[PDB]
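Computed from heavy atoms alone, side chains included, the values below leave out hydrogens, waters and symmetry copies. Chain naming here is simple, since letters A, B, ... match the order of the sequence lines and numbering starts at 1 in each.
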Amino acid sequence: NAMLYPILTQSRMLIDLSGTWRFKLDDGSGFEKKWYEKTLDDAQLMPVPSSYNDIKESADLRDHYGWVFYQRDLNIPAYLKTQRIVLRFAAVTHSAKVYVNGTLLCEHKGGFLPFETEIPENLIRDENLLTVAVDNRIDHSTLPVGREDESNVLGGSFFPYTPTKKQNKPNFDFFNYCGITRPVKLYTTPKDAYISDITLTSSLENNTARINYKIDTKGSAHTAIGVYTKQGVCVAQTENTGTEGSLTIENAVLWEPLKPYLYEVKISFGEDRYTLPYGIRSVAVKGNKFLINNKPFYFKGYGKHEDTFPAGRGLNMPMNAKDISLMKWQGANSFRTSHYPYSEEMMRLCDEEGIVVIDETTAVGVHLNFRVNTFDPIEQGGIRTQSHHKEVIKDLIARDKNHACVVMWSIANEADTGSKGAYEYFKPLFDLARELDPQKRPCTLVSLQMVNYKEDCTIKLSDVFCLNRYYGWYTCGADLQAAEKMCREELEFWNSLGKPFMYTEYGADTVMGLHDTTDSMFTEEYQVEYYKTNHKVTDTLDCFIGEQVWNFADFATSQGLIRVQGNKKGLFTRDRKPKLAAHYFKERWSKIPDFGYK
Amino acid sequence: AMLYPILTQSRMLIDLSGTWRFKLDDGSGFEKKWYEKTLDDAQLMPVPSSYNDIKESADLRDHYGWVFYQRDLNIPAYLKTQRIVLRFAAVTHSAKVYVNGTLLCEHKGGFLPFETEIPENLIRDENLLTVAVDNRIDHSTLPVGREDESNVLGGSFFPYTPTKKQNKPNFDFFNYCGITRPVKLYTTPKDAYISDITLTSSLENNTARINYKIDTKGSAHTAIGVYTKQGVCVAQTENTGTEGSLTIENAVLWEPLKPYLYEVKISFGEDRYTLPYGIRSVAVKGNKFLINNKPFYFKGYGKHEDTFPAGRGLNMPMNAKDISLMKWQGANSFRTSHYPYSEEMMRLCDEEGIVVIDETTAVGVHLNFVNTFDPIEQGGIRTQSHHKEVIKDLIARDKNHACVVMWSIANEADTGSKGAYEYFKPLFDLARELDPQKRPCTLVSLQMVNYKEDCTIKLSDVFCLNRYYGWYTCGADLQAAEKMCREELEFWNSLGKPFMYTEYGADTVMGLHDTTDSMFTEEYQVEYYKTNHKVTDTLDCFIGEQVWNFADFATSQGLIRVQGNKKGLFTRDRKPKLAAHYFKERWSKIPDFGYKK
Ligand SMILES: [Cl-]
Ligand SMILES: [Cl-]
Ligand SMILES: [Cl-]
Ligand SMILES: [Cl-]
């Protein structure tokens with residue numbers, strides 16, 4: 001469960017295994033024939049990390065159903081066996097079986113969070129094969145959810161037809177990109193005593209900044225901790241200390257949105273050494289305010305995706321940096337990890353750059369009615385995701401708990417939260433997130449637009465109400481006067497509750513290069529008018545504390561009659577070029593402060 | 001004299017536009033006298049239209065020489081009781097007109113109207129109307145064609161021999177030719193009719209005095225009446241002869257974006273004619289351009305008559321669309337770059353309140369981009385005689401338009417070289433002599449290193465500059481563009497006279513973008529304009545900004561023309577680029593009057 005990010009230290013090797021791997025589609029016999037026991041025969045080559053779906057020009061590969069096998073040689077020095085040897089998979093989408101030579105080492109469910117396994121030293125021969133089988137299938141038990149008998153609401157035909165081949169049935173908009181999404185690395189620690197986890201929280205009372213620490217270890221040794229400024233000056237340290245304690249940081253500089261400050265927290269245990277960057281800041285909800293460092297924050301930003309061409313969902317470090325640069329150019333301060341945890345490289349970069357993050361689980365598609373009710377008992381056909389949903393919350397918080405940039409947990413996106421049984425499904429998950437987060441950050445779920453919005457169970461659970469609303473697109477299309485009236489009528493209800501609420505999605509599909517002076521859907525001008533109309537309302541509501549558009553950039557989806565080669569609601573194109581509305585938001589957000597707007 | 005043809009109680013108006021026969025000359029059309037018979041083995045061509053883009057043939061688009069248009073003309077013999085006139089609104093560039101194999105008239109100049117009576121004796125029971133159209137340009141035509149001069153914009157890295165002889169435009173825009181504007185038959189009474197109407201106005205308190213001169217043929221009595229739009233008579237004089245005056249109490253003035261047109265009704269014998277007319281004053285005083293005694297700020301564009309697929313051909317829906325976009329954007333004006341526009345556009349601008357800088361066909365008068373203005377014997381440009389005719393004909397056609405506030409004598413001539421003043425002084429004198437309203441005159445100044453030697457300084461009432469700081473110089477260095485802009489424009493500002501941009505812009509392909517200054521992107525177009533306005537907004541003699549161009553338009557081919565000229569604020573199908581929205585915002589905040597008071 002504990003998943004410190006692997007780094008190169010005085011006690012820890014870090015060997016990236018990314019590169020060109022062998023790759024073979026399963027044909028139904030890959031496990032029966034034990035393909036993992038030998039070199040893959042008649043295979044292709046595929047880059048790792050990457051989604052596999054768009055690398056070639058093959059629809060059969062893009063739309064593959066089931067398993068694929070990745071493989072590479074693993075020839076390492078025998079002297080590594082004096083250390084503990086760990087194989088870390090930052091993400092394999094969706095499920096994985098990992099073999100070293102003929103031996104199954106581990107299995108994992110969940111396509112967007114890391115997992116690891118020690119390699120038993122007896123298994124390491126002079127020459128080794130590493131094989132990773134990757135399953136892309138989704139159903140009522142996976143997060144994200146795949147449909148079983150439910151029909152395609154975004155990709156329905158006018159006339160029914162029989163598909164040529166069995167395929168996944170996503171219950172979510174974004175394309176089902178699968179493969180070895182994030183890096184695979186070998187790392188080492190000392191065998192006999194090592195650090196397994198580090199937990200840090202901040203206390204800011206009485207004009208004193210302190211870091212509280214909890215160091216989890218294996219074995220028996222002495223612990224030491226020191227806190228260092230950017231320039232390397234030690235500002236607090238203690239040796240031969242307890243597993244838990246606190247350190248006062250004199251002259252403490254707080255981490256602020258768009259003004260980051262990261263200390264370096266250096267820990268030793270026996271011969272083991274680990275350094276964690278850490279920003280000191282407070283988060284609290286009070287009344288209708290979202291307080292960061294006791295100041296009333298206004299979210300400006302986006303729902304994003306991890307989506308670039310041609311790697312799909314795969315880690316793209318140059319584009320992560322481009323994206324943050326574009327956010328700062330635009331005057332944004334924040335985004336949400338729609339609809340799955342993002343790479344650690346992104347999260348660590350957001351800590352370094354001062355970008356605020358709403359950290360969301362993989363729980364999209366928990367909705368069987370967009371007659372069996374979504375949250376009926378499993379034995380009568382209800383959704384089967386709650387058990388895995390708990391595991392995802394535990395794993396997400398364990399991975400991201402120390403990030404200053406994370407200010408809120410989003411428990412799910414667009415679940416059936418207006419139906420009976422939703423509160424019962426979600427109450428244990430909100431309780432779990434609050435129990436497990438050492439910083440006790442706000443929790444929310446992101447609310448689907450619904451006719452009976454007053455029955456949304458978010459009202460009984462969340463610290464901030466996070467709304468996805470499309471007044472002027474999925475309703476009132478090309479009637480922005482009606483959109484404004486409908487928007488005002490519902491958002492005045494949310495404002496009357498006196499709690500913080502915000503948009504986490506709002507937007508209009510826009511094909512770059514389509515134009516009209518006169519309100520016309522899909523044009524760049526309509527996208528601007530759509531947003532102007534919505535802001536006419538939100539700017540008058542004192543409890544509305546944030547605007548995150550759908551979406552930062554155009555991204556790939558499943559095929560159908562309302563998806564013009566993917567989702568076109570980006571302010572930017574897929575290659576990160578600004579539409580008219582991106583210039584509109586640069587002007588608007590330049591005039592809105594991060595603090596004190598409302 | 002060229003009154004716009006209208007339907008009246010004394011005048012039929014019969015449009016001959018439609019589908020005509022069309023044949024490329026193969027070098028034998030005059031020898032074999034194709035005009036004497038139905039054209040054989042011919043194509044079909046819409047009239048009015050340029051012919052170049054209607055088909056899919058490069059040999060047609062890039063044709064050199066003559067083409068023949070033809071239609072049947074079967075008219076009632078009872079029209080022979082009337083005077084019968086064939087009006088060609090525009091045939092580009094030169095025309096020979098035949099009825100039944102008799103040559104009736106010829107015309108040089110592709111953008112102004114001409115007409116001929118049809119002699120009664122020539123009209124048979126069945127008739128053929130044939131129009132031969134010449135597209136060739138050289139040192140004697142306006143616009144100018146190159147002869148031995150090099151292709152600057154469309155030059156190759158390595159010389160080559162062209163497959164076929166072709167025109168060598170000394171101008172950017174594509175050489176669209178054909179029967180550009182409508183052909184109509186009209187009638188007037190035979191014995192006595194109105195040939196021309198001239199109106200000037202004077203504002204004494206709230207009373208307008210309209211001075212008229214009605215030119216006629218034959219002996220009859222002349223009468224004039226001025227009516228409000230709703231039809232109330234506000235002044236009337238009978239048996240007035242040729243010249244006279246009359247007064248309108250509490251006259252409604254024509255204003256930019258607030259038009260008002262009276263109807264001036266004239267009778268002469270049995271002839272009847274109605275002219276729309278707006279009352280307004282124009283004067284340059286100090287560094288001010290005064291419309292109705294108020295300091296105007298021009299906001300607008302150089303345009304082209306350019307749409308797909310008609311090329312230069314009259315497109316009345318697009319004319320109305322274009323004016324609507326101008327009002328949407330907050331513009332108040334444009335220049336007819338680089339030729340007189342259709343009467344239909346000019347009359348629509350009167351109706352809609354759009355101010356016009358009316359420009360001649362004189363683009364390309366420049367042999368050194370042998371001196372341009374050397375004597376013709378020594379190889380100088382051979383255009384001055386036709387240039388005089390164009391000025392005469394343009395002012396004769398457009399003199400009564402309230403929307404026309406200034407004449408542009410030429411665009412981007414070689415005005416910094418020796419002999420330029422000697423070439424242009426007679427033309428400026430001519431324009432001032434012939435315009436009854438004595439409106440301001442200018443020439444449109446090419447960008448040049450020796451700008452203080454531009455003879456515009458000695459001739460023009462307003463200095464009209466084409467400047468590309470940040471495009472043709474300082475490209476992708478807008479800080480240097482701002483410094484170079486300020487250095488030159490402070491010189492012009494020091495002369496104390498009104499000056500303006502008539503061209504400034506940056507090629508921009510819709511859909512190309514970059515946050516970081518990059519030529520041809522939509523963002524760079526905006527930054528280019530922001531940089532220039534940083535300078536112009538601080539200069540008190542700078543009284544107007546007209547971008548190049550309203551919309552992308554077709555040009556000759558070459559390495560710097562990305563399928564034509566891309567400096568439009570709008571695409572060729574009139575869609576707004578980022579900079580079109582920039583100017584809508586900017587012009588929304590700048591008044592038409594009193595911006596620089
Ligand atoms: Cl999505
Ligand atoms: Cl959407
Ligand atoms: Cl041009
Ligand atoms: Cl140009």
Side-chain angles (χ1 to χ4, degrees), chain A residues 302 309 318-332 508-532 552-554 564-565 568 570-590, chain B residues 301 308 317-331 506-530 550-552 562-563 566 568-588:
Chain A
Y302 337 74
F309 180 85
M319 189 81 81
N320 286 355
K322 166 55 58 178
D323 286 357
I324 293 181
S325 170
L326 286 171
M327 298 185 174
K328 292 187 171 190
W329 170 87
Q330 207 165 27
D509 285 82
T510 303
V511 179
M512 167 168 286
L514 299 190
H515 295 271
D516 201 326
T517 61
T518 310
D519 280 358
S520 191
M521 300 170 65
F522 295 96
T523 64
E524 291 190 44
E525 289 77 16
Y526 187 76
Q527 196 181 26
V528 172
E529 295 301 331
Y530 171 99
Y531 282 118
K532 284 180 172 172
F552 176 81
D554 299 339
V564 191
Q565 191 175 36
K568 284 289 189 289
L571 301 188
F572 300 91
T573 61
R574 207 192 195 181
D575 54 343
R576 268 65 172 168
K577 293 172 184 293
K579 303 175 190 176
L580 182 65
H583 291 289
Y584 165 79
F585 268 105
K586 177 168 170 67
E587 175 71 19
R588 171 174 168 84
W589 286 342
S590 81
Chain B
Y301 341 74
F308 182 84
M318 198 64 84
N319 285 351
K321 164 58 54 177
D322 286 357
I323 291 185
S324 170
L325 287 169
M326 282 184 207
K327 294 193 173 186
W328 172 83
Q329 204 163 31
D507 286 82
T508 303
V509 180
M510 164 160 297
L512 299 189
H513 295 270
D514 200 328
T515 59
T516 310
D517 281 353
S518 196
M519 289 177 77
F520 295 92
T521 63
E522 289 190 47
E523 290 72 21
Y524 188 79
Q525 199 179 24
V526 173
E527 296 301 337
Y528 171 98
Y529 281 121
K530 286 178 173 184
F550 175 82
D552 302 339
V562 188
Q563 194 174 33
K566 285 290 187 285
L569 297 185
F570 300 89
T571 60
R572 204 194 196 179
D573 54 340
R574 269 65 175 165
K575 295 178 181 287
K577 304 175 192 168
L578 185 68
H581 291 287
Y582 166 81
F583 267 104
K584 180 175 169 52
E585 181 62 15
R586 169 176 171 83
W587 288 340
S588 81

Distance from B:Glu585 atom CD to A:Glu587 atom CD, nearest 0.5 Å? 8.5 Å

How long is the straight-line distance from NZ of B:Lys321 back to OG1 of A:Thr517, given to the nearest 0.5 Å? 5.0 Å

Can you say whether A:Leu514 sits under 4.5 Å from chain B via the side chain, the backbone, both, or neither, judging by heavy atoms? neither

Restricting to non-hydrogen atoms, name the atom on A:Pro578 and the atom on B:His513 that form the minimum distance, rounded to 0.1 Å. O-ND1, 3.2 Å

Taking the side chain as C-beta and beyond, is there a heavy-atom pair between A:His583 and B:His581 under 4.5 Å? no

Minimum heavy-atom separation for B:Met510 to A:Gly513, with atom names? SD-O, 3.8 Å

Set of salt bridge (charged side-chain N to carboxylate O under 4.0 Å, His left out) partners for B:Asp322, sequence neighbours left out: B:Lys303, B:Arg574

Rounded to the nearest 0.5 Å, what separation is found between the OG1 atom of B:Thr521 and the NZ atom of A:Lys577? 8.5 Å

List for me each residue that meets salt bridge (charged side-chain N to carboxylate O under 4.0 Å, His left out) alongside B:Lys577, sequence neighbours excluded, and say none if there are none. B:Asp552

Got more than 12 heavy atoms from elsewhere within 6.0 Å of CZ, A:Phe309? no

